[PDB]
C-alpha cells in the first residue's frame, strides 16, 4: 500500500532533519571553544608570562588601549552561571580543551535519540493519519 | 478645533504607557546595582576585585568600586521619579483635550 | 480583487517589525560607543598598570597590565583604525552615535507610519 | 461540536512534533548547565574565583561560587522546563479557540 | 594606474573579489610615483587629467 | 512649559477678566484649549480684520 | 520561469555588495578627517587580513583614499552589471510569464 | 518507508555536510595568504609588525607574521583533502543507494 510509506517518509523526515539540524548545532559549538586554546596556544609561551607579547588591549569594539600586557600566568575563564573563574595557562589549557569534544559528541547522540523519535513520531502518526 | 483636541489624547495615551514600566525597570536596576555592591562588599577587602563594565575587567580596589556602585544603585534608583513623573503627567493631559473635544462639541 | 486588500495589511505589519528592529538595533549600536567612551575614563582613573582582564576567546578571558591610557582606539574607515587621544577617542564615539542618532531617529517616523497604513488596510479589511 | 476533535486530534498530532521544539530549545539551555558544575569540580577550590554580575565583576570566593554555581543551576531547570511546557500549553487553546472562532 | 571603474583597478561583484585585488592597484601606483622622483623630477608638469587618464590625488 | 506661557498671558488676559478671547497673533492649539480649560471662550482661526472691526467694536486697540 | 529569475537574482546579488561600499566610503571619509586629524598622536592602524600590521600615518591616508577611491569606483562596477542583470530578466519576462501561464 | 528510503535520504543529507566543510577552508587559506601580503606590503624589518594572536598582537620583524599565518595556513590546507574524497566516497554509496531504490 502506498498510503503508509507516504504518510511515513513525511513524518520520518520532519523529525529526521530536525536531527540533522540537532546534529550540527553541537559541532557548531566546537569552533568557538576549538579556536579558544589556539589563541591561548599561540599566546602560551612557557617559562614566560602567557600573553607577555605585544598587545593592544580590547576595551570594546571601538576603543582599544595599545598596552604592555604581561600579567601573571593565568587565564580567567567563563564557566557560565555568572561565575567567572581564574585559571592558569594549564587549567585554561585543560578546561577549554575539555569543552571542545563536548561540543563534538553532543552532535551524535542528540541527533540519535530522536532518530528513533523521528520513527516513533512517524509510525505513531501514520496509523494516526490513516485510521482517524 | 476638535482635531487638535483629538491629537493630544492620542499623543498622550501612547506615551503615557512606557514610563509606567520604565520606573519598574529602574527599580529593578537599582537592585543589582546595589546587589553587585554587596557581593564584592561581602569580601571585606578584595583588590583582585575587578570593577569593569564590559568585556575588559580592570583591576581596582573594591572601595571606590562600591562608591561607584551605591551611586549606580542610586543612578538606577533615580529616574524612577522622572519615569513616574513622566507617567502621572500624561493621564492628566488626555482628559483635558478630551474635554475641549466635548465642551467645544457642546458649544 | 478580494486578495489585494488582504495583501497590503500584513505587508505594512512587517515594516513596523523591521524599523522597530532597526531602531532597536540602532538603539543598540550607539550604546557601545559610550562604552568605548566610558571605559577610557576608568583606565585614566585607576592607572596604567592596573590588571585588565579582557576576553581572550570564547569563554576565555585574558589578563594584562594597563598601559597607554592616552592611546585609545577609534575604529573608522572601512578596515582602518585610528588610535586617538583619551580626549579624541571619546569624541568620535559621541560623533558616530550622533551619526547613528538621526539614523536611529527617523526610523520611528518610519516605524510608526507603517502600522496605521496596515491599519488603514486593516480598516478596509473589516470594511 | 466538530471543532473539538480535529483540534484535539491535531493537538494530539502536534505535541509529538513539539517534543523536538522542546528538546531543541532546552538543549540550548541544557548545554550551559554542563559547563556550570563540571569545570568547578574540575578546578580546585584552593584559589580565588569570580562572580560576574551586573556592570560588576565581583571577585567572590569559590565557597560562594559553588552555591551561586550549583543552586540556581538546579533552579533554572524548573522554569525552562515549564517555559516550553506553556509554549505548547498555549497553542492548544490557540488550536482550540481558532476552531471555535474561525469555523 | 589605469581607470577601471573610476580612477583605478577594481573587479568585484563581492568584497572577497575587491579585497583580494585591491593589493595590486595601491602598491604599484606608489611605485610609478616613486620612479618619477627616482627619475629626478623636482617639478612635475602634469597636463590636464583629460590630457591624462587621471592622477589619484 | 507650553502651559505656563499661555496662562501667564491668559491670566494677564484674565487680569482684564474676559470670557471671549479672539486670538489672532500667538494663536496656539494650547492657547484656546487653556482658555477653553479656563472656560474662557477663545475664538481662533480668525482675522485681525475682525479684530480691527473688534478694535472698532470695543473702540480699542490690539495688544502686543 | 527559472531563466527570468537568475537575472533578477544576480541583479540584487551584485547589487548587495555595491551599496555597503558607500557606508564604508562614508567612513572612509570619516577616517580621512581623522587621518587628517591624526599626526599619529596614537598609533595608526590599517587592518587588512587576519594580521594587524604596523601602520604609519602618511601611508594610511592615501590608502584609505585609495580605499575610498577603490570603493568609490565600485559603485560603477555593478551599475554596469545592474542594467545587465536587470535587462536579461525583463527580456524573458513576457515570454516566461506567458510561458508560466500556458 | 524502507531502510533505503531512510538511508538514501540520510546519505544525500550526509553528502551535504561533507561538501560544506571542504569549502570553508579555502578562504582563510586565501585571506591568511592575503594577510601574508599585507604585512609584506608595509613596514617589514624597517618597522615592527604585530602578528595578531587573539588580542595580543606579537610585534617583531616581518618574516614570522607571514609565517604565523602560514602555520594557520598549513593545517587548513591539508584539512580540505580528507572531506573532498569523502563526498566522493559517500556519493558512491548514494549513487549505489540510487540504484538500490529502483531495482526493488
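Residue numbers (the deposited numbering), protein chains in the order written: chain 3, 49 to 180; chain 1, 12 to 118; chain 5, 11 to 137; chain 2, 22 to 124; chain D, 255 to 311; chain C, 270 to 333; chain 6, 13 to 114; chain 4, 19 to 122. Backbone N, C-alpha and C define an ideal beta-carbon position, used for all residues, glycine too.
Residue 125 (chain 5) has a beta carbon lying at 9 Å or more from every beta carbon in chain 3. For the set 65 (chain 2), 57 (chain 2), 66 (chain 2) and 77 (chain 2), the Cα lying nearest the Cα of residue 52 (chain 1) is the one of 77 (chain 2). Measuring C-alpha to C-alpha distances from residue 289 (chain C) to each of 274 (chain C), 305 (chain C) and 295 (chain C) identifies 305 (chain C) as the nearest.
In this structure, the alpha-carbon of residue 286 (chain D) lies about 9 Å from that of residue 255 (chain D).
Distance between residue 295 (chain D) and residue 56 (chain 4), taken at the CA atoms: about 30 Å. The beta-carbon separation of residue 60 (chain 6) and residue 70 (chain 4), rounded to 12 Å, does not stay under the 8 Å limit for a contact. With fewer than three CB-CB distances shorter than 8 Å, the stretch 83-91 of chain 1 does not count as touching the stretch 56-66 of chain 5. Residue 29 (chain 1) is classed as exposed because its beta carbon has fewer than 16 other beta carbons within 10 Å across all chains shown. Think of a sphere of 8 Å around the beta carbon of residue 88 (chain 6): the chain D residues whose beta carbon falls inside it are 259 and 260, in chain order. Against chain 5, the CB of residue 46 (chain 6) has a partner CB under 9 Å away; the residue lies at that interface. The beta carbon of residue 94 (chain 2) sits no closer than 9 Å to any beta carbon of chain 1. The stretch 11-27 of chain 5 and the stretch 116-125 of chain 5 touch, with three or more beta-carbon pairs separated by less than 8 Å.
The C-alpha of residue 56 (chain 2) is placed about 40 Å away from the C-alpha of residue 81 (chain 4). With 16 or more other Cβ atoms from the protein chains shown falling within 10 Å of its own Cβ, residue 74 (chain 5) counts as buried. Per DSSP, residue 70 (chain 4) is one residue of the beta strand (DSSP E) stretching across 67-71. Looking at the DSSP output, residue 78 (chain 4) bridges to 67 (chain 4). With the rule of 3 Cβ pairs closer than 8 Å, the stretch 61-71 of chain 1 does not count as touching the stretch 156-168 of chain 3. Going by beta carbons, residue 88 (chain 5) and residue 47 (chain 6) fall outside the 9 Å limit. Legend: CB atoms of the stretch 60-80 of chain 3 lying less than 9 Å from CB atoms of chain 4 belong to residues 60, 61, 64, 65, 68, 71, 72 and 75. Residue 72 (chain 5) is a Cβ neighbour of residue 73 (chain 4), given a cutoff of 9 Å.
For residue 99 (chain 5) against residue 79 (chain 5), the beta-carbon gap comes to about 10 Å, at or over 8 Å, which does not count as contact. Against chain 5, the CB of residue 62 (chain 1) has a partner CB under 9 Å away; the residue lies at that interface. Residue 308 (chain D) carries a coil assignment under DSSP once its states are collapsed to helix, strand and coil. Neighbours of residue 66 (chain 1) in chain 3, taken as residues whose beta carbon is under 8 Å from its own, are 106, 107 and 108 in chain order.
By DSSP's assignment, residue 85 (chain 5) forms a beta bridge with 91 (chain 5). Measuring C-alpha to C-alpha distances from residue 84 (chain 3) to each of 145 (chain 3), 164 (chain 3) and 171 (chain 3) identifies 145 (chain 3) as the nearest. In this structure the stretch 107-120 of chain 5 does not lie against the stretch 97-112 of chain 1, because fewer than three pairs of beta carbons, one per stretch, are closer than 8 Å. The beta carbon of residue 49 (chain 4) sits closer than 9 Å to some beta carbon of chain 6. Between residue 36 (chain 4) and residue 105 (chain 4), the CB-CB gap stays under 9 Å.
Shown here, residue 73 (chain 2) sits in a strand according to DSSP, grouped into three states.
Under DSSP, residue 26 (chain 4) shares a beta bridge with no residue. Linking residue 36 (chain 1) to residue 76 (chain 1) through their CA atoms gives a straight-line distance of about 23 Å. About 6 Å separates the beta carbons of residue 260 (chain D) and residue 81 (chain 6), which is inside the 8 Å limit, making them a contact pair. Annotated three-state conformation of residue 113 (chain 3) is strand, per DSSP. Residues of chain C with a Cβ closer than 7 Å to the Cβ of residue 16 (chain 1) are, in chain order, 302. Under DSSP, the beta-bridge partners assigned to residue 73 (chain 5) are 63 (chain 5).
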